[PDB]
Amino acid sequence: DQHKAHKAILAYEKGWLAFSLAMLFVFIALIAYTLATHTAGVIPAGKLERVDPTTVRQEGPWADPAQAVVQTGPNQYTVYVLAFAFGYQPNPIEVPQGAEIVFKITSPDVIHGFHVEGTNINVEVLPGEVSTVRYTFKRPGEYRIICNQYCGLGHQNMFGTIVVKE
């Protein structure tokens, strides 16, 4: 007991670093896997794509919610989504099923969140920057957009809709 059992403790400690490290690496591995597949398109684009918040809903690709979905390949569509003090334009976003959807989201005011219930889409929207995420919806139906970043008194009420067509 004790000192004799001190040798045991600094040795069991060695096994536990050994084991902790191996399980942490298996996680690193299983993340890696998600990084190499379709699921990875929810990661925001690296590049800085700057815009001007005070202009963004008057001039440019965000100023007309009618013109928010553009077909940008045979099976690809781009959607200019504006997240604003207390809703989303367009409402609804109307996207086909099976298509790569490329969201380009910005704000004219403060930070908002864009969390699409039932998907991994979960990006912060920053006034002056463009959040670009990619996703393919495999199931038609409605998907509520939640704003999950406090933005003011109307926050708990900021929701949107994706309608992805049968």
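Don't overthink the numbering: it's just position in the shown sequence, from 1.
**Student:** Taking the mean of the C-alpha B-factors per stretch from the entry, tell me the winner out of 155 to 163 and 4 to 12.
**Tutor:** Stretch with the higher mean C-alpha B-factor: 4 to 12.
**Student:** Using only the Cα atoms and their B-factors as the entry lists them, report which of 138 to 146 and 15 to 23 averages higher.
**Tutor:** For C-alpha atoms only, the mean B-factor is higher in 15 to 23.
**Student:** Out of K104, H115, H112, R57, which one has a C-alpha B factor higher than all the others in the entry?
**Tutor:** It is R57.
**Student:** By its CA B factor, does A66 count among the lowest, middle or highest third of the modelled residues in the chain?
**Tutor:** Highest third of the chain for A66's C-alpha B-factor.
**Student:** Determine, from the deposited record, the chain-internal third of the Cα B-factor for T37: lowest, middle or highest.
**Tutor:** For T37, whose C-alpha B-factor we compare with every modelled residue in the chain, the answer is the highest third.
**Student:** Which third, lowest, middle or highest, does the CA B-factor of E100 fall in along this chain?
**Tutor:** Middle third - that is where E100 ends up once the chain's C-alpha B-factors are sorted.
**Student:** How does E124 rank on Cα B-factor within its chain, lowest, middle or highest third?
**Tutor:** For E124, the deposited C-alpha B-factor lands in the lowest third.
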